[PDB]
Structure formats: C-alpha cells, structure tokens
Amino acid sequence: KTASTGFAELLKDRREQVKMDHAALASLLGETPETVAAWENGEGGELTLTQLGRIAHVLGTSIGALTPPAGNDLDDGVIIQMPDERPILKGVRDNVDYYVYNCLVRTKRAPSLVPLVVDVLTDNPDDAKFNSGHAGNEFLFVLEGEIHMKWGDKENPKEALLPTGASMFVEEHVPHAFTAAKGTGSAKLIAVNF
C-alpha cells in the first residue's frame, strides 16, 4: 500500500529467491540482521536512493525490481479528464510562445501514455527545432490549420505538409519537429505518445 510496504514485500521475496538469510544480507550492507528484518517489517521508508542502489546491487538486481509498480488510479478500469482540468506548459523562446501544451488524461496504469493538444503558434518552418526522438511510438492528428512536419536527420530532414484531418505515426527514436505551414498563422494538433 506504500513505497515501504511495497519494498518490504519485494525485498523479502528477492532475498529468499537468492537463498540469503537476514544475516547474510546484513553482512553485505553494513547493518545488523535485525535492521534487515525491520526493512521487511516495513521500516525501510527512510532508506536513501544511494542505499537502495546498494541493496539492489548486493541482491544482483535493480531498484525497480525491489519497488512497487506505479499504482492504480482507475475507476473500474477507466479514468476521465474534463476539459477544464488540463495542465498547460508553454514552449517559449525569447519571451515568445511557439507551442502551448494542453495535457490530456494520463494514468499510472500506462505511464508511457502522454496525450496532448498542441497549439502551434509559429508559422516559420525555420523555427522547427528537432528533438532527438522518443523512447516510444507517437500518433498525431491535425485538428486545425496545416502543419509543416520535419523528421529524421536534422541536417537533411525529410519534410511534409499535413492539412487538417491528416494523421501520422512516428516510430520510437525518430527525431522530429513541426510548425504551422509557412505564413498560415497557427495550427493545432493532438499528439499521443504511447
């Protein structure tokens, strides 16, 4: 139910898995057997990131293997966000907005799902600044106006115009950048990273 109960359980499981008793694990970590027992009784909440790294190391695993998954924030399998709930970040250069990011619903049950409405306020394709690609795949859909999309190698990009209603898939690790089509003022798209 918490980081430390989650840890207590996963710690005990791993330790038993590798056939160590409290004393063996304690001897590897500069603690008493009693202290290791306390962790497994849910008293590990004040362990530091550094100490957790050492525990994972001596158990031949990662901190992730010893900590609980993200958790469940769903309501019988669903989560809903109303339109006046959306968080917003602005893409700014020299106190000029280039993008506004309208954050749509997210869930701990699918952490890589990041959907956004992007207001695209630059209509100078020169302004497009390449990222370096995502860990995951991405789906885009043009809601308003027309997008000038660039992808691949920032030095010699591939480019395309996407009118309203166009849809696109960008594979993991593919660098990309976009603005509105030259001189057309502004555009809007939905981007779903997953």
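Start at 1 and count along the sequence shown; that's the residue number. Rigid core (definition): largest C-alpha set, two forms, superposition within 1.5 Å.
**Prompt:** Once the rigid core is matched, which of the two stretches, 121 to 129 or 58 to 66, lies farther off on average in 9 other deposited structures of this protein by C-alpha?
**Reply:** Greater root mean square C-alpha distance in 9 other deposited structures of this protein: 121 to 129.
Comparing 23 to 31 and 42 to 50 where Cα RMS over structures and residues is taken in 9 other deposited structures of this protein (core fit), larger one
Once the cores are fitted, 23 to 31 deviates more in 9 other deposited structures of this protein.
_At least a third of other PDB entries omit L74_ = Other entries vs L74: none skip it.
Check your understanding: Looking at the other compared entries that model both neighbours, is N102 missing coordinates in at least a third of them?
Key -> no, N102 modelled in all other entries.
Problem set entry | Which of 70 to 78 and 93 to 101 has higher mean CA B factor, as the PDB entry lists it | Comparing averages over the C-alpha atoms only gives 93 to 101.
- Taking the recorded C-alpha temperature factors, which stretch has the higher mean, 84 to 92 or 103 to 111? Comparing 84 to 92 with 103 to 111, the higher average CA B-factor belongs to 84 to 92.
Handout entry: Highest-ranked of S167, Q51, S132, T35 once sorted by CA temperature factor in the record
Key = Of the candidates given, the C-alpha B-factor peaks at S132.
Task: Chain-relative CA temperature factor third for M20 - done: Answer is highest: the recorded C-alpha B-factor places it there.
With respect to C-alpha B-factor, does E146 fall in the lowest, middle or highest third of the chain as deposited?
According to the entry, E146 has a C-alpha B-factor in the chain's middle third.
Item to complete: Taking the values exactly as deposited, rank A187 by C-alpha B-factor within its chain and report the matching third: lowest, middle or highest.
Response: Middle third - that is where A187 ends up once the chain's C-alpha B-factors are sorted.
Can you work out whether the C-alpha temperature factor of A160 puts it in the lowest, middle or highest third of the chain?
It falls in the middle third of the chain.
Review point. Among the chain's modelled residues, which third holds the C-alpha B-factor of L121?
Key: Tercile = highest for this residue's CA B-factor.
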